[PDB]
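Visitor: generate coordinates for the sequence data below:
(chains A, B and C, ligands or ions: 2)
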Amino acid sequence: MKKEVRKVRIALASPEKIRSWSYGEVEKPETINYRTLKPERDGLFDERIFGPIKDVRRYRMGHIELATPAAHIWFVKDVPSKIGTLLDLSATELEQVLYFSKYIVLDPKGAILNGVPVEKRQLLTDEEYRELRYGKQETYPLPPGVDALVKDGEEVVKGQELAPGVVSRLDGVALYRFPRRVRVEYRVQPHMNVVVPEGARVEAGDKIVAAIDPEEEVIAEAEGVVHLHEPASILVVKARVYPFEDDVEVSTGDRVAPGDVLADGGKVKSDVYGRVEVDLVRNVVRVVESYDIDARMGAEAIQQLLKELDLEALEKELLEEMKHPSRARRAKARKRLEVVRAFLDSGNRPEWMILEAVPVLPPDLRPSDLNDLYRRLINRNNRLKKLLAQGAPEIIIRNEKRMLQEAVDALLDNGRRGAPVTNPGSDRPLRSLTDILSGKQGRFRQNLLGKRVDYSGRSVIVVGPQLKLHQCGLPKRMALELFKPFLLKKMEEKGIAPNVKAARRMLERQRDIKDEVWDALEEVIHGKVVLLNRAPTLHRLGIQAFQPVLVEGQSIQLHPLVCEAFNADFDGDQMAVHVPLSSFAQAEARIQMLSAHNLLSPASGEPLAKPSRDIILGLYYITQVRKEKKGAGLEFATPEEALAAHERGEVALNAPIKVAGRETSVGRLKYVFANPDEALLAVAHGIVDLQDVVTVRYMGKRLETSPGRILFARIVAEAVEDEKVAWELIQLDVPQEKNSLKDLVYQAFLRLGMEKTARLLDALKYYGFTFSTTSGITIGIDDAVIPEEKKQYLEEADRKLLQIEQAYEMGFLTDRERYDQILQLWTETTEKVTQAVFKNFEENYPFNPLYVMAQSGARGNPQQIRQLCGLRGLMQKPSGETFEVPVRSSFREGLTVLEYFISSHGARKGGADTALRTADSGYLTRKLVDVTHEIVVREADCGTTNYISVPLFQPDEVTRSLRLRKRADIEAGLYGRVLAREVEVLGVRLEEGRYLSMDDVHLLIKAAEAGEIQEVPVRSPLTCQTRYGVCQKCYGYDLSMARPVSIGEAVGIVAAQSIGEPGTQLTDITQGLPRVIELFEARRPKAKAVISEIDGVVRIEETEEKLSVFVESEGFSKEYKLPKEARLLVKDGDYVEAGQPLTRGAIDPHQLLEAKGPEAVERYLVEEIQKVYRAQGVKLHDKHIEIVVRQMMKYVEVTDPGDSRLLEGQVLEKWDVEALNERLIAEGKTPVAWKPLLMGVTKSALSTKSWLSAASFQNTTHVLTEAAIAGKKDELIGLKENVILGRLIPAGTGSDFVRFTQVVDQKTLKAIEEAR
DNA sequence: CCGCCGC
RNA sequence: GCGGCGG
Ligand SMILES: [Mg+2]
Ligand SMILES: [Zn+2]
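Guide: Residues are numbered from 1 along each chain as shown, chains lettered A, B, ... in the order given. Ligands and ions are numbered 1, 2, ... in the order given. Have a look at this structure:
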């Protein structure tokens, strides 16, 4: 029935749906009422609209029905106005003009021009809209007793002086009201009225003007004409004049258009649209330029526009505009077409971009900030409803819509336009909905950045020698609290307590609880495990799971071998501990997370459970053999009187129990041990020391090895029961060094299994330690022995220094030469003394404490040893130039005053370096994670076989000469890989797909030595077909384990980690972290080296303030300008492939991508990256640098369209889907030509397809804005995005591959058949 | 990087 | 957010 949430979708909200999720409508602004905490009704906190205040309430919504529309600030103020782009109004300036309603908008038709044709959609000032839209008859009053220079309705021109002090502003028709005077070529009082029109012809019998007094009223005479001159005032009308001779039309006030009849039948017709004024004072019909029109205001004006905009229409319109016009206008349309598409495409239409119904967030979600703003809206939205039914005066209506539109923006996003402040008290912007979603600590960034855990604890860690990697020492007292609930129950299970509350009080104040509470706890923890965490959590091993074994005190006992995993020593470091609550959590915790199960490092296939100093120390001292004094003749190799004599000479004081006597030193002649045990007992009785050379009969051979060695054999053969397989993997021919053991571990892992190895580790751990204590090794000032030759070599070098001095005091050597030669003097002299001290220990004190420590993988480093016994000699000055004088002393002897001071400089520079390099906070582990945090393993052997050939030989360093890449590096590229195609090499058939093990990579190397293979066909992430993910055959052998990678493993992570941790130690040409940042980030490095874009041969032109390297061949040469200060190493003559270093130093990815191609950029990056870690000791598998780098080119540009336009940057694979189904399923081969794009790691992240993820880093506004328009459906895949859901991650156990697995019992299975 | 201690 | 220490 109910279904797992697999897809999430963001779409626009229909006002109908707003009512849909809605429960009641908040109708009033009453926050809190004192009388009863009980909510005051129908404001915000009412319970019907949201729900019951007592014991699903904070899950319902209410809506406020806005009077006149307002809009979403999110869709209007985002950089690219989603509405401004779509509608085509000024994208950023025009909107604001009418969004609040101050300015006007236009509709169906205007035929008249203010000066230009009618504006289909534009807006004009109210004065001008009123002037011609509704017409504009404009008056011009006149001073009393003043005559005019224009008649009744005489045509007037704009700017003319109607009188001395008055002038007109418009052309059209100038109306005159009254004749205070009239001229008559052959004065009218208030009650007088002119019967005669404009300059009308007159006759004698014709009354002109009349009034009340029939007596003395204007009476015509002999041919008079009319010229009226004294108008009280003149009102000008924006109208045309149409004189008529006979009749007229409908009436004065009606509307007319061009053509419509005015008078005299169909003779005098109108020419413009306008109102009618049938004036008979001039016997003419003026049609004022005033026809109706329509237009609305503010959020309302766009609401209309949006509703009519027929996407389809503009879609087609843009289609034409797009591919036909020059790049200047086509580009604008293109960006405009996507939006249009998005809407139509997804369906959910754009008209909703307007707010008419503001959805109210639930009452329990917000217990204050947002409420103050909600009240504002409510108020104005309400004050407005009232201001509409009471009386609607315009100026107020608008002024109100404004404020309203402002408020609606507040609750959504404050600041975009001014900032709202709670009245006097704090000039602080009230946190609006947007502010609550973005920012460093917002809500989208909340689900990811982290938080504190229940069932946690932390304490100081202490070493627990006896403890096995399996377990961990945890303080009972801590466990008590940690496992409190689990304990309570078990308490009732056992009579200790009657109920839970009782068990609790029982632990509330009581001091011990003795054995019984303890018996219970220790019982509850039985097989459960907890996790442990170390300070900076760098790699997956930063947290391991252990079985807790309760202990006394405060500290937490940790296993020694895991001390390497978590960078953790015992000088006070503290670790945190957690508890897996779910039986599922517990499972994974102890299965795939326990310590003993994660032996190998995800970084390199090398072990991480490597025995450390102490263990090694012990193990070595016990396997070493001794050599003494050869008093004489060592020939028993043949004489029998040599067995007897040399054996009695031994009984004497002449021949030692360990003499250089080829076949056998008397030491072997004397003691011959049958059974293996036989040997050790003799030891235990004092006959033989462990380190003595004796003879011993083993399974099938008479072996000449010491007790110690043999004992070691047993220990291992005991750790793992298969005794034969034991000696098959150990070498008792040399003392056990950190490496001989390293390799033993690794071998054991591959050979006997995981857990069995764990057993051996503990084994070694135990013995190593014991033997360590009894061996009797300690340091004493005399233990640091100074070589007798030191006094020699220093003297030899000293005199030698005088020669160099006398040589300059003569003038032979330059000031510089002097210096360089002296350094050389010491640089060699010091190295001389180095091997000397060691030579003295090797020959005279084989068992020197200081020495033995160093040799054995235990502790100490050759370079250090030298600072004790030999001498630390060259310490550099402040800047960098090393000192001229060396530090002649050793630490054994008193390091002198100055020598110390001088040495100081270096120690300080090193400290500074460790600072800024440490605090970088695994910055790279951060960015790496950002671009690989979505990579996971879900598959079925991806079918696409496009492989990467791993090179077995390295080019030039000394010059052109093919070499065999170092053992290390070759491993790095081939270990745990899967062969793309089969390859017969030295007699063996290495099938296809086979995952080449270490041995198999040794083979290939040994073969390259002979000369049978130069490259290697192998599967890799760099060429995986699975869009989002990588499959089994492509990733490879590496796992925490050694067998092939299990599908469902968070490789993205794992790779990011393995690359980040190391970054902590990477502090002309420039490198280190910066080279790593420069490399992951496609950039133009300091020392750029001009790559050759054309592949031909080379030729130069010497000197001349500039040199020039020219790649020329068929007909053209790509000119390369190499500054007079550049270092070029390709010479006048031979060939140069595309993207080959023409200059010396670093290279620029972009260029190299263009010239050579992608398969080269990738391989460049990978290797150029490794280059730094390699030189820093770090050994990480190429796999990981690959996974990352691949993502750096998962996007490509478009040059030949089919669906979307060609200026886009979209996911590479998403195009392999389009092209595949455009040629395959649906015909019409519209090839989608693209261009591979090398985006930077950071930008790859930035623009990562899923919106959820974007909402996290960049800007939450833009991200959601765009994802809004195109109803985006976030296909839930990737750790980040799915983290927010709070759902099980798509990786790990969440792996779609196994998240669904069923367990049954043959009893219930046949039982389902019983149901059938 | 995480943990604490204090205006 | 400022200062001090620890890994
Ligand atoms: Mg430490
Ligand atoms: Zn693949």
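
Visitor: what parts of chain A come near DNA strand B?
Guide: Proximity of chain A to DNA strand B (Cβ under 7 Å from any atom of the strand) is limited to residues A:458, A:535-537, A:574, A:576, A:918-919, A:921-922. For every residue, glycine as well, the C-beta is placed using N, CA and C.

Visitor: buried subset of those, written for ChimeraX?
Guide: With 16 or more other Cβ atoms under 10 Å as the burial test, the buried ones among the residues of chain A next to DNA strand B are selected in ChimeraX as follows:
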select /A:576,922
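
Visitor: which single one of the residues of chain A next to DNA strand B is nearest to residue A:755?
Guide: Each of these was scored against residue A:755 by Cβ to Cβ, and residue A:537 proved nearest at 25.4 Å.

Visitor: which ones are touching the residue nearest to that closest one when sequence neighbours are not counted?
Guide: Beyond its immediate neighbours in the sequence, the residue positioned closest to residue A:537 (Cβ to Cβ, 6 or more residues apart in numbering) is residue A:543, lying 6.5 Å away. Residues in contact with residue A:543 (Cβ atoms under 8 Å, 6 or more residues apart in numbering) are A:531-534, A:537, A:593.

Visitor: which ones are touching the closest residue to residue A:569 other than its chain neighbours?
Guide: The shortest distance from residue A:569 to any residue other than its chain neighbours is 7.0 Å, reached at residue A:563 (Cβ to Cβ, 6+ apart). With contact taken as Cβ under 8 Å, 6+ apart, residue A:563 is in contact with A:463, A:569, A:612.

Visitor: export stretch A:144-156 to CSV, keeping only CA atoms.
Guide: Extracted as CSV, the C-alpha positions of stretch A:144-156 are listed here (Å, rounded to 0.1, in the frame of the first residue of the first chain):
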residue,chain,number,x,y,z
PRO,A,144,-10.7,90.1,-16.9
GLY,A,145,-11.2,92.8,-19.5
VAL,A,146,-8.8,91.1,-21.9
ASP,A,147,-9.6,90.1,-25.5
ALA,A,148,-8.3,87.0,-27.3
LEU,A,149,-6.6,86.5,-30.6
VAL,A,150,-8.5,83.4,-31.5
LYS,A,151,-12.2,82.8,-32.1
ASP,A,152,-14.9,80.4,-30.8
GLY,A,153,-13.3,77.2,-32.0
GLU,A,154,-10.6,78.7,-34.3
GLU,A,155,-7.8,76.2,-35.0
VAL,A,156,-4.9,77.0,-32.7
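
Visitor: returning to what we had before: out of the contacts of residue A:563, which end up buried?
Guide: With neighbours counted using 16+ other Cβ under 10 Å, the contacts of residue A:563 contain these buried positions: residue A:612.

Visitor: among the contacts of residue A:543, which pair sits farthest apart?
Guide: By the measure Cβ to Cβ, A:534 and A:593 form the most distant pair in the contacts of residue A:543, at 14.6 Å.

Visitor: more neighbours, the two?
Guide: Neighbours were counted for residue A:534 and for residue A:593 using other Cβ atoms under 10 Å; residue A:534 has more, 22 against 19.

Visitor: what's around the closest residue to that one other than its chain neighbours, how many residues?
Guide: Distance criterion Cβ to Cβ, 6+ apart; nearest residue to residue A:534, sequence neighbours excluded, is residue A:566 at 3.2 Å. For residue A:566, the count of nearby residues is 23 (other Cβ under 10 Å).

Visitor: surely residue A:282 touches residue A:196?
Guide: No. Counting by Cβ atoms under 8 Å, residue A:282 stays clear of residue A:196, with 10.4 Å between them.

Visitor: immediately after the longest strand along chain A, which helix or strand?
Guide: Ranked by residue count, the top strand of chain A under DSSP state E comes out as strand A:61-71. Following strand A:61-71 in sequence order, the next helix or strand is helix A:73-76 (DSSP states H and E).

Visitor: what residues of stretch A:136-147 count as buried?
Guide: By neighbour count, with 16+ other Cβ under 10 Å as the criterion, the buried positions of stretch A:136-147 are A:136-137, A:140, A:142, A:146.

Visitor: ok, so of those residues, who is nearest residue A:1275?
Guide: Using Cβ to Cβ, the shortest approach to residue A:1275 within the buried residues of stretch A:136-147 belongs to residue A:136, at 60.1 Å.

Visitor: in a helix, that's where residue A:863 is, yeah?
Guide: Yes. Assessed by DSSP: H, G, I helix; E, B strand; the rest coil, residue A:863 belongs to a helix.

Visitor: so residue A:1100: helix, strand or coil?
Guide: In three-state terms, and counting by three-state DSSP, residue A:1100 is strand.

Visitor: what's the nearest residue to it if we skip its chain neighbours?
Guide: Ranked by Cβ to Cβ, 6+ apart and with sequence neighbours excluded, the top spatial neighbour of residue A:1100 is residue A:1132, at 4.5 Å.

Visitor: so who does that neighbour touch?
Guide: Contacts were defined as Cβ under 8 Å, 6+ apart; by that measure residue A:1132 touches A:1098-1100.

Visitor: from RNA strand C, how far off is it?
Guide: According to Cβ to the nearest atom of the strand, to the nearest Å, residue A:1132 stands 56 Å off from RNA strand C.

Visitor: go on, residue A:1079?
Guide: Taking Cβ to the nearest atom of the strand as the measure, residue A:1079 falls 26 Å from RNA strand C.

Visitor: so which elements touch the helix ranked longest in chain A?
Guide: Counting residues, the longest helix in chain A under DSSP state H turns out to be helix A:815-843. In terms of contacts (3 or more Cβ pairs under 8 Å, 6 or more residues apart in numbering; DSSP states H and E), helix A:815-843 is packed against helix A:790-808, helix A:862-868.

Visitor: what residue is smack in the middle of chain A?
Guide: Nearest to the mean C-alpha position of chain A, by Cα atoms, centre = their mean, lies residue A:930 at 2.6 Å.

Visitor: in a strand, that one, correct?
Guide: No. Under three-state DSSP, residue A:930 falls outside any strand and is assigned helix.

Visitor: ok, for it, nearest residue in space, not its chain neighbours?
Guide: residue A:1245 (4.4 Å).

Visitor: torsion angles phi and psi at the one you found?
Guide: Summarising the backbone geometry of residue A:1245 under the convention degrees, to the nearest 10, its torsions are phi -60, psi -60.

Visitor: that's a helix at residue A:1094, yeah?
Guide: No. Applying three-state DSSP, one finds residue A:1094 to be coil, outside a helix.

Visitor: burial check on it, number of neighbours?
Guide: Considering only other Cβ under 10 Å, residue A:1094 is surrounded by 17 other residues.

Visitor: quick one, what contacts the single nearest residue of chain A relative to DNA strand B?
Guide: Across chain A, the shortest distance to DNA strand B (Cβ to the nearest atom of the strand) belongs to residue A:921, at 3.1 Å. With contacts defined as Cβ under 8 Å, 6+ apart, residue A:921 is in contact with residue A:536.

Visitor: helix, strand, or coil at it?
Guide: Relying on three-state DSSP, one would call residue A:921 coil.

Visitor: one step back: higher neighbour count, residue A:282 and residue A:196?
Guide: Neighbours were tallied for residue A:282 and for residue A:196 using other Cβ under 10 Å; the higher tally belongs to residue A:196 (22 against 19).
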